[PDB]
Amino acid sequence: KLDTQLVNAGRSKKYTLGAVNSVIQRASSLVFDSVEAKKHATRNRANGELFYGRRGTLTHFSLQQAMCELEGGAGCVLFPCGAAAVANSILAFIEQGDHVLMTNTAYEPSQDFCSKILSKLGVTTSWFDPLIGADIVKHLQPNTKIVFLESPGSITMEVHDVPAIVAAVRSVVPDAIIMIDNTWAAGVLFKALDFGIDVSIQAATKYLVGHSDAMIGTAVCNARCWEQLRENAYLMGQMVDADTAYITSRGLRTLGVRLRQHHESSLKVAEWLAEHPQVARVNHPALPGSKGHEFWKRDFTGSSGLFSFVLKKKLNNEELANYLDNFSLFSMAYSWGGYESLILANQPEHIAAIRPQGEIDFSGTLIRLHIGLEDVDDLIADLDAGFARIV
């Protein structure tokens, strides 16, 4: 029934007014017919009553309802981008003197936010290995306020054993807020809230939008954390425009057919690379032997299309240009989650720098690939040609 949910989520007549998709209500000012109406809206300003554009319009409410039913939360808070969803969700719960424990495989800017902004506000951050499991208790402090997860991890793709981590945390620091950047799973391939996680964050910019042309972040919360996240994110003036909200609800409609193709093509490319002579290791959660694959297998209901692989050799500057500059179907660009395939290289030194209190375990150039909706065989032929270029 996921396909049915995706098609129907947030589509109440209150929001569609007869149309299939919700109406786009662009507004800052929202008019009150009377003093009584104004009083009523004021009281319900955070409960879906039209009050002021910063809180949202019908278009925002439709998307919020959809996100809550898809991820099973008590409320959904919207942001300009995923990076804003991360930074502000963390900021809504911290106070001078708190400690933030974050996986060392977190998206780089999430780490930078902690070490550059939080540090100057009297908050300390320490990092942990993705595969630590129940031993995470060795990193918990009495002042640990937030435990920040990201599975699969950025770039290297390690999958956490979320259940073990959550049990260990609840037993030591029950009051901690456990957050996860659940972007890779698009919030549906891994039901974060069902595993005891308080807040599931997404750079909806990726698979929810699915077309590389809108930026937005979401934070679906459980009943325990919603109000504080909502109200504090609001004091920071966080919101997203009505059109992007519309485009995001629109992306959900094809989320199922897209993810199935991404899963199928990326897995096929992964198995092919795994058997290739110039490839040292393939980091794809659905692929056996990949770090945490066992947890992906037990906890997830699917795969999306982003993964990486490590070459047997470290390419020099000329080899790198020769390799990357001549692809036909893969484009060099940041982000992912769209219909077109993307490729980016990372040297071992680059990764070593973004793995705090951790150690890198490969020596060849790492290539991150996003497998789009093109024909898988055409993509493979393009990769094979690339290999021949650095042979």
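A residue's number is simply how far along the shown sequence it sits, counting from 1.
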24-32 versus 57-65 - which carries the larger mean C-alpha B factor in the record: 24-32
310-318 versus 129-137 - greater average Cα B-factor per the deposited record: 310-318
Residue, from 150, 294, 198, 243, that the PDB entry assigns the highest Cα B-factor: 294
Highest-ranked of 80, 174, 251, 75 once sorted by CA temperature factor in the record: 174
Assigned third (lowest, middle, highest) for the C-alpha B factor of residue 111: middle
Chain thirds of CA B-factor: placement of residue 336: lowest
Third of the chain's Cα B-factor distribution that residue 194 belongs to, per the entry: highest
B-factor third for the C-alpha atom of residue 283 within its chain: middle
Within-chain third of residue 226 by Cα B-factor, per the entry: highest
